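Q:
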Amino acid sequence: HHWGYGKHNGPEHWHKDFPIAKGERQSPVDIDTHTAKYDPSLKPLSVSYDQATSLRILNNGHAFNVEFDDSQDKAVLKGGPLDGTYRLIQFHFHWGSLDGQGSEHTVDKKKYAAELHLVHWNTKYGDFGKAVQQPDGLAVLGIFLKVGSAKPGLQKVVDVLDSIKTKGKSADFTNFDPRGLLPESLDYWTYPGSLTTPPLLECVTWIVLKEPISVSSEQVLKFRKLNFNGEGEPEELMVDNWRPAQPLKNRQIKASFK
Ligand SMILES: NS(=O)(=O)c1ccc(C(=O)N2CCc3ccccc3C2)cc1
Ligand SMILES: [Zn+2]
């Protein structure tokens, strides 16, 4: 009876195994756009993905992760609110059963259809497992998805999902360019928070882009055909794998833009 997204093991249960669920810097949060303060000291975000080396895609029973070779400074995030250099390790999404929900962060209580998380670790801690033990260990770039026009750069991901339907399945996934998942603008909000899944560690500088990407209904429908279950187990569609907004508590959300 491990954690998941169901009635009996979903977000409102997580605190029993992971008491930090009720902590002081939990994610996601609602971004109140009128209360977020423009911070002229914030730098433009530097996203350097030209040499990114994707390796594999994995259904881990909660989402799918596109994994990267993070054994050298290839795909890195810096600037913005960050000090130092953060290396891309994986991206994944959260999405809904319907287009009206699925995002983890909300904007003035608006829920997007899905949310992309590009996860990076601070190179000053040497590895991901050490980084998650630190308050500045991770930088997660969050990008909202709305349903409209197709995102051509997403289609390579959508088309491999058939091969990783069920929990524990993986597939080679080389030469995928995550630049094709970015919106035009790098305007963002930022705040200190946490992982949004167990172990819910309070190790993340969140950077949430203002501009959503558009994906087609067909693209998101393919996400919703994935399974939380393993092969030859009762089919449970992988949908609604998002944690709701958590209390902001003693935090300020800062905007990079006026
Ligand atoms: N949704 S999110 O906050 O962007 C998120 C980001 C990263 C992860 C993640 O890769 N994990 C959880 C922590 C951890 C710790 C030790 C070893 C492995 C892992 C694997 C899960 C969720
Ligand atoms: Zn996530």
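So in the entry's author numbering the end of the sequence shown lands on 260, straight run, no missing numbers.
Heads up, the beta-carbon is just placed ideally off N, CA and C, and yes, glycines get one too.
(1) Which term fits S99, buried or exposed, when burial requires 16 or more other beta carbons within 10 angstroms of its beta carbon?
(2) Which residues mark the beginning and the end of the alpha helix (DSSP H) in which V241 is found?
(3) Quick one: grab the DSSP three-state call for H15.
(4) Kindly list the residues whose CB is nearer than 7 angstroms to the CB of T168, restricted to its own chain and excluding five residues on each side of it in sequence; keep chain order.
(5) Using the Cβ count rule (16 or more neighbours within 10 Å means buried), how would you classify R181?
(6) Could you tell me which of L197, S258, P236, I215 sits nearest to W244, measuring between CA atoms?
(7) In the DSSP output, what is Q92 paired with across the bridge?
(8) Under DSSP, the beta strand (DSSP E) around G232 begins and ends at which residues?
(9) Quick check: the segment 142-156 against the segment 193-212, are at least 3 beta-carbon pairs closer than 8 angstroms?
(10) Where does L60 sit, in a helix, a strand or coil, going by DSSP?
(11) Measuring only the C-alpha atoms, how far is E69 from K39?
(12) Give the single residue among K76, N11, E220 whose Cα lies nearest to the Cα of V149.
(13) Going by DSSP, what residues sit across from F146 in a beta bridge?
(14) In terms of residue numbering, what span does the alpha helix (DSSP H) encompassing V222 cover?
(15) Identify the residues that DSSP records as bridge partners of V210: which are they?
(16) Among all the DSSP beta bridges, which residues are the ones paired with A173?
(17) At a cut-off of 7 angstroms, is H4 close to ligand 2 when judged by its beta-carbon and the heavy atoms of the ligand?
(18) Roughly how many angstroms separate the alpha carbons of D161 and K224, rounded to a whole number?
(19) Is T176 near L57, with beta carbons less than 8 angstroms apart?
(20) At a threshold of 7 angstroms, does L118 count as lining ligand 1 (C-beta to nearest heavy atom)?
(21) For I91, which residues of its own chain have a beta-carbon under 8 angstroms away from its beta-carbon, when the five flanking residues on both sides are left out?
(22) Name the DSSP beta bridge partners of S50, please?
A: If we stick to the structure as given:
(1) exposed
(2) That residue, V241, is in no alpha helix (DSSP H); it is neither H nor E in DSSP.
(3) helix
(4) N61, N229, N231, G232, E233
(5) exposed
(6) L197
(7) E69, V121
(8) From DSSP, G232 is part of no beta strand (DSSP E); its letter is neither H nor E.
(9) yes
(10) strand
(11) 34 angstroms
(12) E220
(13) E117
(14) 219-225
(15) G144, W191
(16) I59
(17) no
(18) 8 angstroms
(19) yes
(20) no
(21) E69, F70, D72, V121, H122, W123, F130
(22) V78
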